[PDB]
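**Student:** Build me a structure from this.
(2 chains)
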Amino acid sequence: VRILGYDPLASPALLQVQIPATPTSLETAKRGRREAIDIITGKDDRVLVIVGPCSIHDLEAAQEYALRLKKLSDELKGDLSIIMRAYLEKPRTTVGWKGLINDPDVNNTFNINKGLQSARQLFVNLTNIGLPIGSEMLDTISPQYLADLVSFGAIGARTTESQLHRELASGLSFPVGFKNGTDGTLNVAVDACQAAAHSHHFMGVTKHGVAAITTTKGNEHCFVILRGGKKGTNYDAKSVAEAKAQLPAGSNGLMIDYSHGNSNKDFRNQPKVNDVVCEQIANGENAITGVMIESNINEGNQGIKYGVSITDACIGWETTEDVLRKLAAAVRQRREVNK
Amino acid sequence: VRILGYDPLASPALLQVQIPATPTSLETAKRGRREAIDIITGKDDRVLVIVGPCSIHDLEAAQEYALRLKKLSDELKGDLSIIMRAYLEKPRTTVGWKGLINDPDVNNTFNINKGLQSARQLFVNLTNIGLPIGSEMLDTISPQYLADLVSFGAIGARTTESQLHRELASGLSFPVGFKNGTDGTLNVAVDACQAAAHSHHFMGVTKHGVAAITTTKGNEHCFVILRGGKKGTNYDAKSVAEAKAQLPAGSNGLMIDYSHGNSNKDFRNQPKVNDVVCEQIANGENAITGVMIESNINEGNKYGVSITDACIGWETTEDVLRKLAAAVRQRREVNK
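**Tutor:** Numbers count the residues shown, from 1 in each chain, chains lettered A, B, ... in the order given. The coordinates are given below.
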């Protein structure tokens, strides 16, 4: 009655044959995960950075951003492990463009099949140049199509409390970061990591495109991402102190999102958040193992222009390289303190 | 690497043939939805009551309670439209029993195929005696197996913000109630009702057990459910006044959950919430079109007692409802 109808959907398996992953694409993914893992579990003293657009709607522009990021990465690779934000799914407050997969032509034609091809082609393009990628795991079905290429997965502030996403995280083969609640508190993110650490049994879609009963083993590589909210921003020393205070035993390092709740309405506050975090890092803060940055080729956003976001506003490339270079400096400074 | 493996799952279609719904069951679900709609849209002046166990783990116990609730419902049908809570899925803060479907044997064996047969058999058993039912739509897949027997769908506080659940809602053929956020605020439930009202495109599982691209119509029968939270209980006139102010014009009536956040860790607080809600309805509060009560044969959380959250017993449930029906009448006099 409220279901207008269904359209055929190509299986993950079929799509994976159609758009094969290069050995380089596969290697990059694996490298990405190991590095992120070593960092959040305190084995490496570099900082994990998830940098990139709010969303990708242009593969050509994403590719150019990628090329830029990949070299700035090779250079700063001694202080930072960088993973590019290649988000294909966006959670709306109510309505709006949901991303590349859902509506690739960005015109309400919702050619999901074409979305998945672009999403997968995009992923192979990026990872194929030696650049790891990360995306928000909003859909619980789309992962079956791109997992083999992802190095990090984020569960949004609006879904961190969802049992379905905790079940999803427990079976993903890479680290997962749970954003704190949209109210600015960490409780739900801590519960989410605890929950995703366990094994779960639940119905899910296989690579054959059919529903089956899944059994996951648990994901010991989940961590909390501080992204602000109603109760205020939480990238400062006092907020970080309170976060550490409530992190249970065996917890992985914290990640600080410079945007969203913490950029507090103005995307221009991202570099300022960096200053405040670099401050803590340079002075010996070892609990801050990762940061998240919404960056594009050009700053700002626009409605429905080249290197410009069509969803949230991002800092341009020029100021992004500024931030990363500062962050890297902060990291060297920490090594010193720790000696 | 983190996927221990998969096990064959019977499709919704197969289960529907194995456990067909009697005509009475289907008619019952139909009626339950129509009555619910008239009430939440302000057409009918009765109150919509979603009352039943916190979770169902015993089908025999659940049947006895259904018989008792069906009789009472029969006696109070003039003021109340009762739908039994037949919850099959329970959202955890971290880990624990998730319900009848996930682990029917409640012993960590996780026989989901058996869980789904028990669930549907349960839903048929109940609706077949003429009693409409409601459950929390936690899983985006299980509805395919049970939707035809459901008159009311509830979206939990921990998933009201989820876009997947908002998309799910936009496609359900019955009224959907969105619980306010766990932080005790209403915003997300209001945004949710708006999102759910629109048509959506997303991948979902069909009656055949295969994934396809779904296009929904939009659900205009979504309403907000007040269930308290971190900021405090919100079933008082003040809180109700603020809630009403947040609802855009044309919004459906509010439902007040007597439990969870508004119970404040003590199930004995449910009848106290009732008194407060009854006062408002009796004095003429027309925005409160429904209530939700967690009750069982016996109170607390052994036969007839909940294995999840604490519920009030039957006697208490009976007193609470009688009094609610009275407020409904009083409100009728007042509205005149």
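**Student:** Would you mind extracting the C-alpha trace of stretch A:161-180 into CSV?
**Tutor:** Output in CSV follows, covering the C-alpha atoms of stretch A:161-180 (Å, rounded to 0.1, in the frame of the first residue of the first chain):
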residue,chain,number,x,y,z
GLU,A,161,22.5,4.4,19.0
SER,A,162,21.0,2.1,16.3
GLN,A,163,21.4,-1.6,17.2
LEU,A,164,21.4,-2.3,13.4
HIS,A,165,24.6,-0.3,13.0
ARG,A,166,26.2,-1.8,16.0
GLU,A,167,25.5,-5.2,14.5
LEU,A,168,26.9,-4.0,11.2
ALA,A,169,30.1,-2.7,12.8
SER,A,170,30.7,-5.9,14.6
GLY,A,171,31.1,-7.6,11.2
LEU,A,172,33.1,-5.1,9.3
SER,A,173,36.7,-6.0,8.5
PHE,A,174,38.3,-2.6,9.4
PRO,A,175,38.2,0.0,12.2
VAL,A,176,34.9,1.7,12.8
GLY,A,177,34.5,5.1,14.5
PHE,A,178,31.2,5.9,16.3
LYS,A,179,30.4,9.6,16.4
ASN,A,180,29.0,10.8,19.8
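**Student:** quick one: the helices in the stretch 101-250 of chain A?
**Tutor:** Using DSSP state H, counting those that start in this stretch, the helices of the stretch 101-250 of chain A run over A:112-127, A:143-146, A:163-169, A:187-196, A:237-245.
**Student:** right, and the ones you listed - which one's nearest residue B:135?
**Tutor:** Nearest of the helices of the stretch 101-250 of chain A to residue B:135, taken as Cβ to Cβ: helix A:163-169 at 15.0 Å. Just so you know, the C-beta spots here come from the backbone N, C-alpha and C atoms, and that holds for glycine as well.
**Student:** what about that closest one, distance to the chain center?
**Tutor:** Computed by Cα atoms, centre = their mean, to the nearest Å, the chain-centroid distance of helix A:163-169 equals 16 Å.
**Student:** Please see if it touches chain B.
**Tutor:** Yes: judged by Cβ under 8 Å from any Cβ of the partner chain, helix A:163-169 comes into contact with chain B at A:163-165.
**Student:** Same question for stretch A:136-153.
**Tutor:** Yes: using Cβ under 8 Å from any Cβ, stretch A:136-153 comes into contact with chain B via A:138-142.
**Student:** for the nearest residue to residue A:313 once chain neighbours are set aside, what are its contacts?
**Tutor:** Leaving aside its chain neighbours, residue A:313 sits nearest to residue A:267 (3.8 Å; criterion: Cβ to Cβ, 6 or more residues apart in numbering or on different chains). Under the criterion of Cβ atoms under 8 Å, 6 or more residues apart in numbering or on different chains, the contact list for residue A:267 reads A:259, A:294, A:299-300, A:312-315.
**Student:** Let me see the residues that make contact with the longest helix seen in chain A.
**Tutor:** The longest helix of chain A (DSSP state H) is helix A:317-337. With contacts defined as Cβ under 8 Å, 6+ apart, helix A:317-337 is touched by A:45-47, A:49, A:51, A:65, A:68, A:72, A:76, A:79-80, A:82, A:258, A:270-271, A:274-275, A:277-279, A:281-286, A:291, A:293, A:295-299, A:307, A:315.
**Student:** I'd like to know which of those are buried.
**Tutor:** The neighbour count (16 or more other Cβ atoms under 10 Å in any protein chain shown) marks A:46-47, A:49, A:51, A:65, A:72, A:76, A:79-80, A:82, A:258, A:270-271, A:274, A:277-278, A:281-282, A:285, A:291, A:293, A:295-299, A:307, A:315 as buried among those.
**Student:** correct me, but residue A:56 touches residue A:89?
**Tutor:** No: Residue A:56 lies out of contact with residue A:89 (Cβ atoms under 8 Å); the separation is 10.4 Å.
**Student:** what residues do the two have in common as contacts?
**Tutor:** Going by Cβ under 8 Å, 6+ apart, residues that sit against residue A:56 and also against residue A:89 are residue A:100.
**Student:** between these two, which one's more packed in?
**Tutor:** Using other Cβ atoms under 10 Å in any protein chain shown, the more surrounded residue of residue A:56 and residue A:89 is residue A:56, with 30 against 20.
**Student:** With adjacent residues omitted, what lies nearest to that one?
**Tutor:** Nearest to residue A:56 is residue A:62, by Cβ to Cβ, 6+ apart, at 4.7 Å.
**Student:** what's near enough to touch the one you found?
**Tutor:** If you count contacts by Cβ under 8 Å, 6+ apart, then residue A:62 has A:53, A:56, A:86, A:122, A:125-126 around it.
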